[PDB]
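This document starts with one chain, in the form deposited in one PDB entry, laid out as structure tokens.
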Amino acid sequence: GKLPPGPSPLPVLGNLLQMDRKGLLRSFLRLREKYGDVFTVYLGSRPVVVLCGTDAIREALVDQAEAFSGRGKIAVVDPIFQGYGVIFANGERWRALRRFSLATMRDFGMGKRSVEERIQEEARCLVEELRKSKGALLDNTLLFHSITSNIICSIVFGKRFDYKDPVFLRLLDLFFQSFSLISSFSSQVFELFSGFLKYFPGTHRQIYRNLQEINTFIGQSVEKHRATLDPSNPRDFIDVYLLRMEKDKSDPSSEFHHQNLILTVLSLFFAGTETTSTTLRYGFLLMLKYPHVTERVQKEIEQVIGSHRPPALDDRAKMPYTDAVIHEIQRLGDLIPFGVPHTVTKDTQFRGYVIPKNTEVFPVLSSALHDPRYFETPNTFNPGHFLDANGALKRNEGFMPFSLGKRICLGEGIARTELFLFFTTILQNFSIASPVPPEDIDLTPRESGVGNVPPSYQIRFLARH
């Protein structure tokens, strides 16, 4: 059988000359033009099948679910994970860690409170914090990280850190600093000639160093956990894992050991922080470009929720407008423009092609979220893409900002609760304003890579009465 169509590789250099100085995403989309929806390109000596549009991705990730369930690797961070922890595990280790990982976020945690209740509490702390700024213009970057972290922290490390605590301000810097270097221009060069480049200095050193410094903190918290553990009454994620360590003393094939634990907390502690939060950032940037929409969300909050009780997650179903606005921030925000890389698990017959076992597959989620076949005028913000005549919420197949399939975002339910409660709680209590007029807000990312990062912007949060 055949590999999909695509340009001709100079070996060692692969397809360097058919790429584009813009980035990995521009490059793939510029080839989509020539070779179709499924196609093959050469990053270094490595072949990758590339998937485009709703229909291609869905065929692969959902119709050949298991076939496409394997994970690839981000060269810039594989020094750190090396096939360990939940994001980057594969086969049995992955199955095991995902399974445990779903179960554990749903139930055991700080104050034995529900994830909702916890996100509620964080939101309550964001409000009090924001009030303190008295409407002065800030940059919302830092607070937006603080609040997403503290959720993940409260789950994994069983506690939340105070916004000014310098132990914690330093984890946030590392995390933000890395996630931006991760998706800088250099780290994409690196995605191509990792083999050659991993010798000379560069941006991957910095990322490695930064990540190792988080592992240190993760490490020294596992230890406190283990010391002061209690079998009767597991505090949180780490505590539960340790008890599963004990349950598994006599299983030689148990995957619950110190590497996976450390690197699972790193994955969670990463994703938990750096996406749910840049989404919020982008979301508020859009609200500054579209005060009309913000007034409608704010009226909808006034009707369904009112101005005294805090927002609750069951309100979402009663608030389709807001729910559309959030959908539409995820779609246009589009913070993972070409998925996290997959690999096929067996030899696979795809659109009458053979994709050999272990060949890397890039589901380009951004070309689904901007897919003209499913969204009109797909580069413009419109909450209407998710509403019908009657103002009811309206599902759309092109909408997969969390990927699809067997590898679908595990955090999805937390992400969605954080989005809904954080935007409705801020918007219930504050009115927003920037110096920049709506007509000159630019939505062009400060970095477009393996993830998208919105530009910095000023914003002010005015207490409503």
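Residues carry their position along the shown sequence, with the first being 1. Heads up, when I say rigid core I mean the largest set of C-alphas that superpose within 1.5 Å between the two forms.
One more form of this protein exists, namely the form deposited in another entry; it is left out here, but the text below deals with it.
Undergrad: Can you spot, among 127, 110, 304, 288, the one with a CA shift of 2 Å or more between this form and the one not shown after core superposition?
TA: That would be 110.
Undergrad: Fitting the rigid core first, would the Cα of residue 142 be found 2 Å or more away between this form and the one not shown?
TA: Result for residue 142: no, shift under 2 Å.
Undergrad: At a 2 Å cut-off on C-alpha positions, does residue 244 qualify as shifted between this form and the one not shown after fitting the rigid core?
TA: Residue 244: C-alpha displaced by 2 Å or more between this form and the one not shown.
Undergrad: For residue 219, is the CA shift between this form and the one not shown at least 2 Å following rigid-core superposition?
TA: Where the cores coincide, residue 219 still shows a C-alpha shift between this form and the one not shown that is 2 Å or more.
Undergrad: Considering a change of 3 Å or more, are the Cα atoms of residue 400 and residue 102 closer or farther in the other entry than here?
TA: Farther apart, by at least 3 Å.
Undergrad: How does the C-alpha distance between residue 408 and residue 86 change in the other entry compared with the present structure, closer or farther, given a change of 3 angstroms or more?
TA: Note: Cα gap between residue 408 and residue 86 widens in the other entry.
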